[PDB]
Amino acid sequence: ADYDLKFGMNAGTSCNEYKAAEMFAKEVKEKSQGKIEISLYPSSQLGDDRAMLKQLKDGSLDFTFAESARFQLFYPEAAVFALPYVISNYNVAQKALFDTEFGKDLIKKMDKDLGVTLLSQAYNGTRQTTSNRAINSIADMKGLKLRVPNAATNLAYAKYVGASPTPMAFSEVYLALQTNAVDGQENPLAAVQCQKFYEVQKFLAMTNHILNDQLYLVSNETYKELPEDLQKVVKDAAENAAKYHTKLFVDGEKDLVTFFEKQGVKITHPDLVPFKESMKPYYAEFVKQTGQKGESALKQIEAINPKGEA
C-alpha cells in the first residue's frame, strides 16, 4: 500500500470486465512487490462511465474502462466507432483505433486534452437486443420501448430501427426490465448473463448492431507519479488482462445462446439487411453533423479489411 489505487467500472462482480480487472489488480500487486494495491469499485458505485472518465481526467480516480466510442462525448467524429454495423469485427476495431490516422490522433488527444493514458484494448462483445416480445423482424421494433445507455449512438440505433428509446443508467436496467417500465434493452450476451437480464426477458434477438471494445485507461495524474519500473508493471499487466478479457468475451459468445435457451429465453434471428439499411440515413446525418472530420474518419474505417488481426 505504497500506492492505494482505485479502478471503477459499471460492470458487476460476476462480469467478464470485473474478472479481467481482478487479474489486472492481482498481477499489479504481485509484479510490483506489493508497492501497488488496486481496489475495484463495480456496479457504478463511483458513478457511470461518463463520471469515471471525468474522475480520471481530474486525477480523483486511477483506473477505469471506456469504449473507443465513448470519446464521442468530447469529439463527435469519434462516434464513428459505434455507428451501428460499421465496424464488422474486433480486428476492424483494433485497426480503427491503432492503425488509422484518425485513431492515432484520438489516442494523442486522449492523452494531451483529456489526461488519460491508454494502456490496452480488449473486445467487450457484440450487442444484441432482448425484449418482452419476439423481434422476428425489424417490423417488431416499432413501438418497442427500448432502454439504451446515455449514449447518442445507442439512442440512434433504437431510433432508426423504429423503436422508442429510453435512456437510463445501467444500474437502473434490471428493475425496469423486471417491472416492464421498458420493453427491452441491448447489450452483449455477457452482460445479459452476468447482470441476470435473462431472468426478466423472455426473448433475445441476434441484432449484432454495435461492436464494443474496452479500453484499460489510467489517469495521467496517477501514471506520472509512478516510477518507470512501476509504469512498466502497470502497462504489462494491462496488456495481459486485455488478452484474458477478450478471450472471456469470445468464448462466451460461442456458448451463451445455449445457456439462455436452457433458461427459457426464446432466441430469434431477424433479417439484418433491413436493420443495416435503416442506418443509411443515420450515417448521412453523422457526416452532415460532424463534417469533414466525421466523413474522413468514416472513410478510414470503411476501407479497413475485416480479415486478420493486427
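Note that residue numbering follows the sequence shown and begins at 1.
When the mean C-alpha temperature factors of 51-59 and 31-39 are read from the deposited coordinates, 31-39 comes out higher. In this entry, 298-306 has the higher mean Cα B-factor, the comparison being between 298-306 and 13-21.
Remark: of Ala191, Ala169, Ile210, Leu226, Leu226 shows the highest value [criterion: C-alpha B-factor in the PDB entry]. Ranked by C-alpha B-factor against the other modelled residues of its chain, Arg147 falls in the lowest third. Ranked against the other modelled residues of its chain, the C-alpha B-factor of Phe102 as given in the entry falls in the highest third. The entry lists a Cα temperature factor for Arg127 that places it in the lowest third of the chain's modelled residues. Looking at the C-alpha B-factors along this chain, the one for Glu77 belongs to the middle third. When the CA B factors of the chain's modelled residues are split into thirds, the value for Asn91 lands in the highest one.
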